[PDB]
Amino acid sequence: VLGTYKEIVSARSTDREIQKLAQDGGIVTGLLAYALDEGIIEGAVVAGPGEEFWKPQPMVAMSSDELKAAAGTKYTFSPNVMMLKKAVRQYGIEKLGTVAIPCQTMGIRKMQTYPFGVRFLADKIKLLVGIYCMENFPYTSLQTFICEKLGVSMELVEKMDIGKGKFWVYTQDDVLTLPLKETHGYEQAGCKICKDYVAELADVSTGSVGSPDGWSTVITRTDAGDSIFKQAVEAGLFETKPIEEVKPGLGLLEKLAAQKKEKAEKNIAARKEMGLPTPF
């Protein structure tokens, strides 16, 4: 239920600046930064700051500072795929990295295999880092959670997080939570038929689930993914532990991945009974 992979480990960036800024282990920022510094990539598309608090905008990062400015999760839309072609046109990039949730990874891989309208982009993608995803929210839904239910505002939120059955918001001196089931019905309806939890088609996939706080569960998949991540570890940019030696460990990851797939198949079947078009 985890897709095809080469190795699964628990990992954390060794860079204290990245540790301070990261959602979890800082795998995305650390790995893109390493690839950039080594010349494996010349830039990366990331979810950078936007025009409202916690409302990111895709942007092409071409320095470690810009990668770092994009660190941390925003649980709303950042259509990262939209900037991939700009990145190889006026930005001049011929070796591109990006971070993508599973559905974005799908649009990208579909483009590479079938680039009907997409000229001279497919072979320029050198590192696709996938991050785990169970649902995403319209911005107004985040506002309902944060401004209405929890009684603060978007500007008071220093970090948001999802895990252990809860939606979490950290303020300057307070930790506020909602039961995650309370967010049901507020996510975009398109997520209902999504079968991919751990970004099965990415070069390397990473998320918090299966690892303790401040660490990440890292799944290497393709030759490029495994080799680039192993390189960074060898260069001492990540600390790693076998996933079997870590709590909660792989059992929880596999449980959630199987839950997501079962739910999706039920919803896909419901669509077909209604006669609605379904690509799955």
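In case it trips you up, residue 1 is the first one in the sequence shown, and so on.
Trainee: For the stretches 79-87 and 172-180, which has the higher mean C-alpha B-factor as given in the deposited record?
Mentor: The stretch with the larger mean CA B-factor is 172-180.
Trainee: State which stretch shows the higher mean Cα B factor in the entry: 235-243 or 33-41.
Mentor: That would be 235-243.
Trainee: Return the residue from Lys164, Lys159, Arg109, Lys95 that has the highest Cα B-factor in the entry.
Mentor: So the option with the highest C-alpha B-factor is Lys164.
Trainee: For the chain shown, is the CA B-factor of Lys55 in the lowest, middle or highest third of its modelled residues?
Mentor: According to the entry, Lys55 has a C-alpha B-factor in the chain's lowest third.
Trainee: State the tercile, meaning the lowest, middle or highest third, of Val46 with respect to the CA B-factors recorded for its chain.
Mentor: As the PDB entry reports it, the C-alpha B-factor of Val46 lands in the lowest third of its chain.
Trainee: Looking at the C-alpha B-factor of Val28, is it in the lowest, middle or highest third of its chain?
Mentor: Tercile = lowest for this residue's CA B-factor.
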